[PDB]
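K.L.:
Have a look at the structure that comes next, please.
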Amino acid sequence: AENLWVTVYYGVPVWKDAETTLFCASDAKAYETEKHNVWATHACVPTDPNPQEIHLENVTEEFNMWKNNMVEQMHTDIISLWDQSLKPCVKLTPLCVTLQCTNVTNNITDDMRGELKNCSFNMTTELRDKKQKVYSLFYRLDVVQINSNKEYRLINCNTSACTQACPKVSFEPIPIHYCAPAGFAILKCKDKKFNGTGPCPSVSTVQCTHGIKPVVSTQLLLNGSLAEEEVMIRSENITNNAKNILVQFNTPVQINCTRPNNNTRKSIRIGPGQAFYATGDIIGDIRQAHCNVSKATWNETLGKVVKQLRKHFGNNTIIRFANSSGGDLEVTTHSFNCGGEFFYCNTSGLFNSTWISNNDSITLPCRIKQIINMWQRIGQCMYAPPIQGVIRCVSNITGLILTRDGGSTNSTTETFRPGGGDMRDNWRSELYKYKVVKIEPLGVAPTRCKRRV
Amino acid sequence: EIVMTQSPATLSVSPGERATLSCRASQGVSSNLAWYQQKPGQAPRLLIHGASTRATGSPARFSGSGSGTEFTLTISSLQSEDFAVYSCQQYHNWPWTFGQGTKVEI
Amino acid sequence: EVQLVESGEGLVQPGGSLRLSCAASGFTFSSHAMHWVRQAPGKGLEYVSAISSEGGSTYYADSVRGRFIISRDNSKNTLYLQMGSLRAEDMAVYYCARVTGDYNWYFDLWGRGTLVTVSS
Amino acid sequence: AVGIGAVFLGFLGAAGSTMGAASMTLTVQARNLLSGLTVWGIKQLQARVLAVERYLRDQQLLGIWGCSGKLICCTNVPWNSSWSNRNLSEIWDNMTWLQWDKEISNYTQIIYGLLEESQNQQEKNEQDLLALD
Amino acid sequence: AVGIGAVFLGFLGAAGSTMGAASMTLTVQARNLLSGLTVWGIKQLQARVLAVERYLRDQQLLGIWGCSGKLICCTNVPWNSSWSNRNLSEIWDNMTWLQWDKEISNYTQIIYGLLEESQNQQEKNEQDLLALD
Amino acid sequence: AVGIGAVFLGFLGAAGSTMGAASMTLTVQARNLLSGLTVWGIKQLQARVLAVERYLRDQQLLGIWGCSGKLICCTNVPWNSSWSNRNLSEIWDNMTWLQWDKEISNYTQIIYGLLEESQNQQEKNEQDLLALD
Ligand SMILES: *[C@@H]1O[C@H](CO)[C@@H](O[C@@H]2O[C@H](CO)[C@@H](O[C@@H]3O[C@H](CO[C@H]4O[C@H](CO)[C@@H](O)[C@H](O)[C@@H]4O)[C@@H](O)[C@H](O[C@H]4O[C@H](CO)[C@@H](O)[C@H](O)[C@@H]4O[C@H]4O[C@H](CO)[C@@H](O)[C@H](O)[C@@H]4O)[C@@H]3O)[C@H](O)[C@H]2NC(C)=O)[C@H](O)[C@H]1NC(C)=O
Ligand SMILES: *[C@@H]1O[C@H](CO)[C@@H](O[C@@H]2O[C@H](CO)[C@@H](O[C@@H]3O[C@H](CO[C@H]4O[C@H](CO)[C@@H](O)[C@H](O)[C@@H]4O)[C@@H](O)[C@H](O[C@H]4O[C@H](CO)[C@@H](O)[C@H](O)[C@@H]4O)[C@@H]3O)[C@H](O)[C@H]2NC(C)=O)[C@H](O)[C@H]1NC(C)=O
Ligand SMILES: *[C@@H]1O[C@H](CO)[C@@H](O[C@@H]2O[C@H](CO)[C@@H](O[C@@H]3O[C@H](CO)[C@@H](O)[C@H](O)[C@@H]3O)[C@H](O)[C@H]2NC(C)=O)[C@H](O)[C@H]1NC(C)=O
Ligand SMILES: *[C@@H]1O[C@H](CO)[C@@H](O[C@@H]2O[C@H](CO)[C@@H](O)[C@H](O)[C@H]2NC(C)=O)[C@H](O)[C@H]1NC(C)=O
Ligand SMILES: *[C@@H]1O[C@H](CO)[C@@H](O[C@@H]2O[C@H](CO)[C@@H](O)[C@H](O)[C@H]2NC(C)=O)[C@H](O)[C@H]1NC(C)=O
Ligand SMILES: *[C@@H]1O[C@H](CO)[C@@H](O[C@@H]2O[C@H](CO)[C@@H](O)[C@H](O)[C@H]2NC(C)=O)[C@H](O)[C@H]1NC(C)=O
Ligand SMILES: *[C@@H]1O[C@H](CO)[C@@H](O[C@@H]2O[C@H](CO)[C@@H](O)[C@H](O)[C@H]2NC(C)=O)[C@H](O)[C@H]1NC(C)=O
Ligand SMILES: *[C@@H]1O[C@H](CO)[C@@H](O[C@@H]2O[C@H](CO)[C@@H](O)[C@H](O)[C@H]2NC(C)=O)[C@H](O)[C@H]1NC(C)=O
Ligand SMILES: *[C@@H]1O[C@H](CO)[C@@H](O[C@@H]2O[C@H](CO)[C@@H](O)[C@H](O)[C@H]2NC(C)=O)[C@H](O)[C@H]1NC(C)=O
Ligand SMILES: *[C@@H]1O[C@H](CO)[C@@H](O[C@@H]2O[C@H](CO)[C@@H](O)[C@H](O)[C@H]2NC(C)=O)[C@H](O)[C@H]1NC(C)=O
Ligand SMILES: *[C@@H]1O[C@H](CO)[C@@H](O[C@@H]2O[C@H](CO)[C@@H](O)[C@H](O)[C@H]2NC(C)=O)[C@H](O)[C@H]1NC(C)=O
Ligand SMILES: *[C@@H]1O[C@H](CO)[C@@H](O[C@@H]2O[C@H](CO)[C@@H](O)[C@H](O)[C@H]2NC(C)=O)[C@H](O)[C@H]1NC(C)=O
Ligand SMILES: *[C@@H]1O[C@H](CO)[C@@H](O[C@@H]2O[C@H](CO)[C@@H](O)[C@H](O)[C@H]2NC(C)=O)[C@H](O)[C@H]1NC(C)=O
Ligand SMILES: *[C@@H]1O[C@H](CO)[C@@H](O[C@@H]2O[C@H](CO)[C@@H](O)[C@H](O)[C@H]2NC(C)=O)[C@H](O)[C@H]1NC(C)=O
Ligand SMILES: *[C@@H]1O[C@H](CO)[C@@H](O[C@@H]2O[C@H](CO)[C@@H](O)[C@H](O)[C@H]2NC(C)=O)[C@H](O)[C@H]1NC(C)=O
Ligand SMILES: *[C@@H]1O[C@H](CO)[C@@H](O)[C@H](O)[C@H]1NC(C)=O
Ligand SMILES: *[C@@H]1O[C@H](CO)[C@@H](O)[C@H](O)[C@H]1NC(C)=O
Ligand SMILES: *[C@@H]1O[C@H](CO)[C@@H](O)[C@H](O)[C@H]1NC(C)=O
Ligand SMILES: *[C@@H]1O[C@H](CO)[C@@H](O)[C@H](O)[C@H]1NC(C)=O
Ligand SMILES: *[C@@H]1O[C@H](CO)[C@@H](O)[C@H](O)[C@H]1NC(C)=O
Ligand SMILES: *[C@@H]1O[C@H](CO)[C@@H](O)[C@H](O)[C@H]1NC(C)=O
Ligand SMILES: *[C@@H]1O[C@H](CO)[C@@H](O)[C@H](O)[C@H]1NC(C)=O
Ligand SMILES: *[C@@H]1O[C@H](CO)[C@@H](O)[C@H](O)[C@H]1NC(C)=O
Ligand SMILES: *[C@@H]1O[C@H](CO)[C@@H](O)[C@H](O)[C@H]1NC(C)=O
């Protein structure tokens with residue numbers, strides 16, 4: 001067996017890491033009307049009703065959750081869809097005008113004092129010659145005084161012009177599946193104790209990921225996926241305090257949010273075939289918006305998180321939780337979108353505790369806004385039309401985003417505070433078990449066969 | 001791991017009339033489904049394979065149908081010898097999985 | 001008449017070892033793949049391990065990987081299952097099923113079944 | 001028939017098996033290498049174009065080595081022990097294609113070059129022989 | 001020369017003739033299967049990509065059956081009477097390909113599967129034979 | 001090895017050499033025929049599509065002549081002196097492919113049809129011969 005020769009094999013199972021462009025695939029049920037959705041699943045290919053998955057025995061692979069190129073592509077696609085859904089909508093250039101505002105003091109509690117303003121202004125009409133005098137209600141977070149009934153202006157007038165969101169389109173998230181082209185593949189890690197980095201001893205290959213809902217929020221991961229066995233803590237470098245920590249819950253925690261104001265909508269014609277939806281009067285009483293969580297359920301979940309955090313810091317260290325340090329409203333509060341409106345809740349009653357080495361509810365006051373700056377961009381804003389009637393939504397808390405404070409030496413105390421901001425960490429919490437590889441179906445090996453002349 | 005749910009847990013039907021069993025799949029398994037019968041103390045037997053084809057040698061009264069994630073088994077007539085446990089198995093995604101098993105009582 | 005019979009039952013202490021055999025007769029044994037399946041008392045059927053026709057590929061379940069070894073002997077038409085480091089949860093009746101065809105993965109012929117018990 | 005009597009078959013299903021056992025399922029991976037103005041306007045077109053180009057590039061190489069339309073093709077180039085001195089038993093029964101790829105990744109271009117010239121010589125000699133008649 | 005002495009030839013010209021007569025003009029249909037940002041921007045590109053993809057998909061099947069680079073290829077798979085029990089004279093002299101396709105449309109996948117495994121076995125045996133020498 | 005001992009090799013390197021000498025470097029040109037919304041958006045895509053189409057169109061012709069997967073293929077069509085009466089020595093030792101193309105550019109289409117019909121006849125005869133057995 002010394003007269004060995006080269007033999008060529010086509011179609012061998014080997015692969016290499018690669019970066020390519022994936023394409024979406026939405027469910028067929030999404031085609032039943034409901035074309036009014038920001039996530040334009042109209043152009044998404046229908047999914048396979050029966051997905052196929054192959055188990056890869058004896059195969060060990062290396063994953064790096066913090067250098068995944070799938071995350072970068074998802075961010076760009078989400079931003080592009082957001083921008084594209086706003087092109088055929090009204091542009092509110094003429095709304096940049098001096099306003100004459102006064103406080104709304106009519107059946108209000110002591111906490112809603114100075115939060116609503118009643119402004120009136122001149123507006124253009126469908127005819128280019130004449131103008132109209134109108135009025136509307138604005139939140140105190142969208143108006144800035146310029147120098148009784150002092151005169152204000154919209155906060156964005158000196159940076160850009162807002163685009164009104166088309167009232168028919170809906171913001172409800174819809175599951176999306178990412179699929180790879182021919183000649184590529186996606187590997188999935190089935191280990192239940194995977195910590196995001198290192199070798200995964202249980203692997204399998206698929207052609208499309210499971211349905212991922214693009215939910216936007218900060219400080220709290222909503223309507224996500226749950227761990228199978230235990231609370232999972234993941235970080236790029238646990239010993240470095242400049243890196244965020246991701247937490248995945250073992251069980252869900254319910255949160256109830258509502259806006260207890262019966263709002264009214266008005267239509268104002270500002271041009272030929274163009275309308276601006278203002279806020280009329282409020283029918284009834286005026287009260288603050290809030291969110292509810294169960295005190296008992298939250299306490300249990302925090303206890304499990306502490307137990308899994310001591311493994312990286314020792315059994316004889318004090319663990320304490322504190323609220324955010326500072327920054328803009330979008331970073332120091334738990335932001336989210338609940339059926340059209342945009343909330344900014346004060347999560348300072350959640351992170352208030354200290355843990356030693358050894359029925360009721362929590363109410364979080366929230367505010368509301370109408371001028372939205374998404375994706376941390378500058379120069380592009382959006383205007384959210386008012387919603388008529390009362391609002392109520394329910395969802396599950398699935399994880400967290402935390403941050404550690406640099407302490408001198410080992411003071412036996414560690415303090416963690418919530419922190420969000422970058423929206424890539426939201427996608428990273430769902431695509432942590434996937435990677436893209438490239439197939440190489442050509443191999444050469446020695447054998448005893450020889451070509452016949 | 002696709003999870004097979006079989007309901008009702010226990011079914012009591014007198015001889016002669018209809019008898020229906022349900023097997024629900026947590027994920028679309030197409031038509032790759034089979035039904036098995038096991039008497040107490042005997043070697044289990046194959047009745048339905050492919051969710052629509054009758055196993056060779058089985059009585060014709062047995063009949064099942066369904067595709068996707070909903071499947072059903074029906075027997076034209078219940079005989080004295082039909083008392084047994086019935087389970088559904090899917091062979092779409094490895095590893096193969098079985099249902100909890102529905103008990104039929106005369 | 002095609003049929004399979006299992007043997008080797010007995011009493012085994014926790015952490016012990018036990019070997020099972022499933023003799024076959026009435027068909028070409030070296031042309032079909034085999035499986036091992038167990039049913040715990042009060043639970044459903046769960047897959048344990050599998051082996052290819054020629055015995056060149058073996059598959060294991062996660063709970064048994066590293067403790068069980070499966071082998072076959074085409075000459076004597078026999079199937080073997082070697083158990084090591086037994087535990088309490090390994091309580092069931094073990095059936096040696098058979099696979100039919102190269103694209104019909106469902107079983108077509110089961111076995112009588114044998115009962116294995118662990119106690120101190 | 002029962003074919004080879006396998007537990008199951010699928011794309012890349014034999015990645016963890018020995019090179020001897022994985023060589024009986026080449027068609028499984030071979031048949032899935034071709035198909036198996038909005039935002040998604042070009043994300044669907046460029047991918048298809050790239051897949052076609054890669055497939056054709058792979059096919060051309062087999063074409064110029066004389067192995068067109070084949071899955072296992074024997075050649076006329078002797079194996080050089082410098083590339084690997086391992087036995088024929090510890091290669092086809094104790095290694096997987098993923099491992100083997102790493103070992104000989106350095107010498108791939110040398111072999112690719114040798115095969116081309118071997119085929120060229122064969123073609124020229126065949127033409128001469130036919131011309132003689 | 002006068003070739004086969006036909007009244008005329010053209011694409012799909014022999015669609016209404018018997019399967020025996022239509023088999024002498026395969027090249028006529030074979031050669032016309034490849035080429036024979038405004039509104040009209042992508043309506044010209046997607047069509048071309050689709051045509052190329054379909055052509056390659058058809059070629060690959062012939063490739064894996066061992067019939068690459070051929071118009072009429074003989075195989076090693078016996079015919080099963082269950083598919084069709086008709087004589088050899090009433091098929092090649094009393095039927096057209098359009099009618100034939102309807103009859104055996106149900107069993108196409110079975111035949112496609114058999115043809116692949118036959119070629120796999122042939123290739124394996126061919127490799128084994130050369131090693132003995 | 002030293003191969004053919006050439007001063008240098010490259011794409012179109014032997015354009016000004018005799019047809020005899022240029023025939024030993026066919027692989028050099030063969031391997032470089034496949035890869036060797038902004039303004040630059042479609043200027044990259046249409047070019048790639050066109051290249052793929054041209055390559056496939058060229059390959060199909062070899063396919064239907066029976067010369068698939070070959071660089072030098074012998075045929076069964078005798079040469080007609082009307083096309084060119086020059087000797088065999090003043091063609092392969094005193095002319096270049098560029099000059100030769102001009103001389104016989106008129107009769108290229110005539111030669112192509114004969115190559116197709118010869119292959120058709122060969123396939124039919126082979127099928128009959130195999131059927132006899
Ligand atoms: C985490 O996940 C949870 C659950 O998936 C999610 O909560 C769900 O949010 C959606 C989106 O808001 C809710 O769907 C809305 O529900 C309201 C209330 O209707 C409920 O009750 C009726 C009667 O019992 C049921 O028939 C109905 O199915 C609901 O259960 C609806 O009013 C909403 O419809 C309006 O909005 C749609 C989208 O904008 C429009 O397409 C639709 O036409 C409706 O608008 C029209 O009517 C309005 C009222 O007349 C009018 O004002 C409009 O101008 C227009 O004419 C919508 O169906 C769903 O109920 C929530 N689920 C639960 C259990 O509460 C969380 O939001 C999610 N978390 C995050 C952060 O996203
Ligand atoms: C995933 O990976 C695992 C482990 O790497 C694979 O499982 C192994 O598979 C190999 C075969 O590929 C098994 O090795 C074979 O074992 C047979 C059984 O005999 C064993 O027991 C006797 C008695 O104790 C020992 O003497 C003997 O050495 C074995 O330990 C042997 O009979 C086999 O030898 C035969 O074949 C070889 C090769 O042709 C010949 O050289 C021999 O002379 C003889 O004819 C062989 O040694 C191994 O036991 C398996 N391990 C386990 C733990 O099960 C999986 O197959 C793999 N899965 C996939 C999908 O790739
Ligand atoms: C909307 O447009 C109307 C009309 O252009 C504006 O009303 C005008 O406001 C100016 C500003 O004060 C008035 O000028 C002042 O008038 C008083 C009373 O005559 C006079 O004493 C002052 O010396 C000064 O000239 C102007 O008269 C008034 N016009 C009318 C018809 O009332 C209005 O301010 C604009 N804005 C809003 C919010 O309505
Ligand atoms: C109307 O509301 C304003 C607040 O928007 C009151 O003005 C004060 O504004 C300062 C600056 O934010 C606050 O710190 C004070 O608390 C506000 N109240 C007072 C009494 O100073 C204003 O008083 C309200 N009433 C009227 C008639 O304008
Ligand atoms: C906001 O101010 C407007 C006036 O600019 C109020 O609307 C008027 O209220 C008076 C007082 O009842 C009525 O007589 C008028 O008919 C209303 N309309 C107009 C055009 O003047 C409005 O009520 C105020 N809203 C709040 C919440 O205070
Ligand atoms: C647009 O106007 C806003 C409001 O005046 C500016 O934001 C303010 O900037 C000053 C800087 O001297 C701060 O003291 C204020 O606190 C800011 N206001 C708020 C509400 O944060 C903003 O800088 C202006 N933009 C441009 C481009 O001039
Ligand atoms: C996640 O687990 C991996 C191991 O699977 C950890 O990576 C190892 O970390 C140790 C030190 O803790 C190093 O000595 C090893 O070299 C690392 N191995 C690899 C492959 O990187 C990783 O630190 C864990 N991360 C967290 C956040 O727990
Ligand atoms: C993870 O973070 C720790 C702490 O920041 C890194 O350890 C530091 O490494 C720098 C070298 O650049 C030293 O100067 C510091 O003294 C180290 N600090 C400690 C506490 O050891 C560590 O290198 C980081 N891990 C990786 C892989 O970069
Ligand atoms: C919010 O206010 C609207 C408008 O007042 C209420 O809608 C009306 O409710 C009454 C109930 O007595 C009906 O008779 C009317 O037909 C409704 N439509 C109108 C007046 O246009 C709505 O019920 C209120 N929602 C609350 C209080 O939750
Ligand atoms: C959230 O919790 C608050 C209390 O923490 C609930 O407020 C109560 O609401 C009922 C119904 O309107 C009132 O009778 C009580 O007086 C309220 N409690 C107070 C004022 O302390 C609220 O209903 C809960 N639900 C939501 C959606 O916020
Ligand atoms: C959040 O709202 C949900 C409503 O869906 C509450 O669930 C209900 O809770 C009451 C308790 O008073 C039960 O009687 C109902 O049966 C529950 N409904 C359902 C559908 O389960 C939930 O308790 C609220 N949670 C918080 C923290 O406010
Ligand atoms: C975080 O919690 C603290 C304590 O509950 C809040 O209290 C303020 O803390 C800042 C410094 O952290 C002080 O300057 C203020 O005087 C404190 N009181 C008030 C009324 O602000 C703090 O505001 C909370 N921070 C956030 C962003 O919610
Ligand atoms: C978030 O909520 C906390 C608690 O309600 C706020 O901190 C309190 O602020 C009030 C004044 O608004 C003070 O009287 C309390 O003493 C503060 N709490 C403590 C423990 O000192 C906090 O300011 C809120 N965040 C904001 C407003 O951004
Ligand atoms: C957050 O924690 C602080 C500190 O425990 C709470 O503030 C008060 O703290 C004093 C002693 O430091 C206690 O005697 C009081 O009972 C605490 N407040 C109350 C209402 O009991 C604060 O209540 C906690 N909750 C927040 C900040 O929302
Ligand atoms: C939030 O969590 C709840 C509780 O886990 C989820 O409700 C479950 O939904 C599944 C799928 O429909 C059902 O099979 C379970 O029976 C539900 N649980 C209960 C107790 O009924 C809910 O789907 C999660 N998502 C939300 C609320 O959006
Ligand atoms: C929370 O739970 C812990 C133990 O799980 C208990 O000691 C504590 O009193 C509870 N309440 C708070 C506010 O931490
Ligand atoms: C084998 O390769 C080595 C270096 O890789 C070289 O020195 C030797 O000459 C080669 N032998 C051959 C090709 O026979
Ligand atoms: C390779 O073959 C030699 C000679 O038979 C033997 O001594 C050696 O052990 C073998 N090595 C293997 C099989 O790894
Ligand atoms: C022919 O097909 C029938 C069913 O279509 C099948 O029962 C029979 O076994 C087949 N015979 C063969 C393949 O020889
Ligand atoms: C088929 O052949 C048989 C036997 O020669 C003959 O009896 C029958 O008529 C033929 N059927 C045709 C030609 O349709
Ligand atoms: C093909 O099968 C279908 C059922 O799937 C049947 O209706 C049809 O008649 C069959 N065609 C032929 C020619 O037998
Ligand atoms: C050669 O070509 C000439 C015209 O080009 C023609 O007259 C003659 O018949 C041909 N001879 C052949 C094809 O043998
Ligand atoms: C062609 O060959 C003939 C006969 O050998 C000779 O007379 C003539 O000179 C040759 N012409 C060339 C080589 O150009
Ligand atoms: C080819 O034919 C054209 C006329 O169609 C003629 O002008 C030219 O000279 C011919 N070329 C040769 C090389 O005979």
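In the structure tokens, the first chain shown is A, the next is B, and so on; residue numbers restart at 1 for each chain, and ligands run from 1 in the order shown.
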Do a neighbour search on residue 36 in chain B at 8 Å with only C-alpha atoms, toss out local chain neighbours closer than 6 positions, and write the hits as a list in words.
P.N.:
residues 44, 45, 46, 47, 48, 86, 87, 88 and 89 of chain B
K.L.:
Convert the current residue selection to file output with C-alpha atoms, as a PDB file, in the first residue's frame.
P.N.:
ATOM      1  CA  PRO B  44     -45.944  -3.066  19.884  1.00  0.00           C
ATOM      2  CA  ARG B  45     -47.291  -3.015  16.326  1.00  0.00           C
ATOM      3  CA  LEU B  46     -47.380  -0.551  13.441  1.00  0.00           C
ATOM      4  CA  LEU B  47     -50.829   0.591  12.295  1.00  0.00           C
ATOM      5  CA  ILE B  48     -50.475   3.830  10.295  1.00  0.00           C
ATOM      6  CA  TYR B  86     -51.958   4.148  21.120  1.00  0.00           C
ATOM      7  CA  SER B  87     -48.992   6.455  20.518  1.00  0.00           C
ATOM      8  CA  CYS B  88     -47.923   8.791  17.718  1.00  0.00           C
ATOM      9  CA  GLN B  89     -44.341   9.171  16.498  1.00  0.00           C
TER      10      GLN B  89
END
K.L.:
Could you report the residues within 8 Å of ligand 19, using only C-alpha atoms and all ligand atoms, as a PyMOL selection string?
P.N.:
chain E and resi 78-83+107
K.L.:
Save the residues we just selected, N, CA and C atoms, as an mmCIF file, in the first residue's frame?
P.N.:
data_model
loop_
_atom_site.group_PDB
_atom_site.id
_atom_site.type_symbol
_atom_site.label_atom_id
_atom_site.label_comp_id
_atom_site.auth_asym_id
_atom_site.auth_seq_id
_atom_site.Cartn_x
_atom_site.Cartn_y
_atom_site.Cartn_z
ATOM 1 N N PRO E 78 -34.182 -1.437 -14.549
ATOM 2 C CA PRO E 78 -35.257 -2.102 -15.290
ATOM 3 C C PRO E 78 -36.583 -1.377 -15.127
ATOM 4 N N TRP E 79 -37.412 -1.485 -16.161
ATOM 5 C CA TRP E 79 -38.725 -0.855 -16.170
ATOM 6 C C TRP E 79 -39.699 -1.689 -15.349
ATOM 7 N N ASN E 80 -40.518 -1.018 -14.545
ATOM 8 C CA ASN E 80 -41.496 -1.676 -13.692
ATOM 9 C C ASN E 80 -42.866 -1.603 -14.347
ATOM 10 N N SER E 81 -43.500 -2.764 -14.525
ATOM 11 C CA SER E 81 -44.780 -2.813 -15.220
ATOM 12 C C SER E 81 -45.863 -2.023 -14.501
ATOM 13 N N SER E 82 -45.736 -1.824 -13.189
ATOM 14 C CA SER E 82 -46.722 -1.031 -12.468
ATOM 15 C C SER E 82 -46.824 0.382 -13.017
ATOM 16 N N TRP E 83 -45.704 0.970 -13.438
ATOM 17 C CA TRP E 83 -45.731 2.315 -13.997
ATOM 18 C C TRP E 83 -46.548 2.368 -15.280
ATOM 19 N N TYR E 107 -45.207 8.860 -11.099
ATOM 20 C CA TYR E 107 -44.074 8.039 -10.699
ATOM 21 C C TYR E 107 -42.732 8.651 -11.078
#
K.L.:
Can you tell me which residues sit at most 12 Å away from ligand 9, counting only C-alpha atoms and all ligand atoms, written as JSON, numbers by chain?
P.N.:
{"A": [259, 260, 261, 262, 263, 264, 265, 280, 281, 282, 283, 284, 285, 286, 387, 388, 389, 390, 391, 392]}
K.L.:
With C-alpha atoms retained, could you export that selection as a PDB file, in the first residue's frame?
P.N.:
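See part.pdb below for the written result:
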ATOM      1  CA  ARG A 259     -52.657  55.625  29.798  1.00  0.00           C
ATOM      2  CA  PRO A 260     -55.843  56.468  31.765  1.00  0.00           C
ATOM      3  CA  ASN A 261     -56.931  59.449  29.657  1.00  0.00           C
ATOM      4  CA  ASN A 262     -59.821  59.447  27.185  1.00  0.00           C
ATOM      5  CA  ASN A 263     -58.197  61.388  24.361  1.00  0.00           C
ATOM      6  CA  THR A 264     -59.899  62.988  21.366  1.00  0.00           C
ATOM      7  CA  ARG A 265     -58.567  63.484  17.847  1.00  0.00           C
ATOM      8  CA  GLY A 280     -58.748  68.028  21.142  1.00  0.00           C
ATOM      9  CA  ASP A 281     -60.107  68.111  24.681  1.00  0.00           C
ATOM     10  CA  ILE A 282     -59.838  65.309  27.236  1.00  0.00           C
ATOM     11  CA  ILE A 283     -63.176  63.697  28.104  1.00  0.00           C
ATOM     12  CA  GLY A 284     -63.231  63.284  31.887  1.00  0.00           C
ATOM     13  CA  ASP A 285     -60.405  63.455  34.409  1.00  0.00           C
ATOM     14  CA  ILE A 286     -56.648  63.738  33.854  1.00  0.00           C
ATOM     15  CA  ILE A 387     -54.568  57.760  19.722  1.00  0.00           C
ATOM     16  CA  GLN A 388     -58.259  57.937  20.595  1.00  0.00           C
ATOM     17  CA  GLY A 389     -59.579  56.351  23.774  1.00  0.00           C
ATOM     18  CA  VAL A 390     -57.876  54.634  26.671  1.00  0.00           C
ATOM     19  CA  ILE A 391     -54.826  52.416  26.155  1.00  0.00           C
ATOM     20  CA  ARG A 392     -53.733  49.225  27.903  1.00  0.00           C
TER      21      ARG A 392
END
K.L.:
If DSSP is run on the backbone, what residues of range 160-337 of chain A are helix (DSSP H, G or I)? A reply as number ranges by chain would be ideal.
P.N.:
A: 295-312, 329-332
K.L.:
Taking only C-alpha atoms and all ligand atoms into account, list the residues no farther than 9 Å from ligand 10, as a count of residues only.
P.N.:
19
K.L.:
Within 9 Å of chain B, which residues belong to chain A? Use only C-alpha atoms and report them as a compact mmCIF listing (two decimals) with N, CA and C atoms, in the first residue's frame.
P.N.:
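Output file selection11.txt follows:
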# COMPACT_ATOMS: atom_id res chain seq x y z
N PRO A 49 -43.76 25.94 5.73
CA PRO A 49 -44.60 25.52 6.87
C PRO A 49 -43.93 24.49 7.76
N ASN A 50 -43.06 23.64 7.20
CA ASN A 50 -42.36 22.60 7.95
C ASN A 50 -40.86 22.83 7.81
N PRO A 51 -40.24 23.55 8.74
CA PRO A 51 -38.79 23.76 8.66
C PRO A 51 -38.03 22.47 8.90
N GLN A 52 -36.84 22.39 8.31
CA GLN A 52 -36.01 21.20 8.37
C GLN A 52 -34.72 21.51 9.12
N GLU A 53 -34.35 20.62 10.04
CA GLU A 53 -33.15 20.78 10.84
C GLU A 53 -32.41 19.45 10.92
N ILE A 54 -31.09 19.50 10.78
CA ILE A 54 -30.25 18.31 10.73
C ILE A 54 -29.32 18.32 11.94
N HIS A 55 -29.29 17.21 12.67
CA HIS A 55 -28.41 17.07 13.82
C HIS A 55 -27.03 16.61 13.36
K.L.:
Could you please select, counting only C-alpha atoms, the residues of chain E within 8 Å of chain F and state them as an MDAnalysis selection string?
P.N.:
chainID E and resid 3 27 31 34 45 48:49 52 69:72 74
K.L.:
So which residues are near ligand 7, meaning at most 9 Å away with only C-alpha atoms and all ligand atoms counted, given back as JSON, numbers by chain?
P.N.:
{"A": [62, 194, 195, 196, 197, 198, 199, 200, 233, 234, 235, 236, 237, 238, 239, 245, 312]}
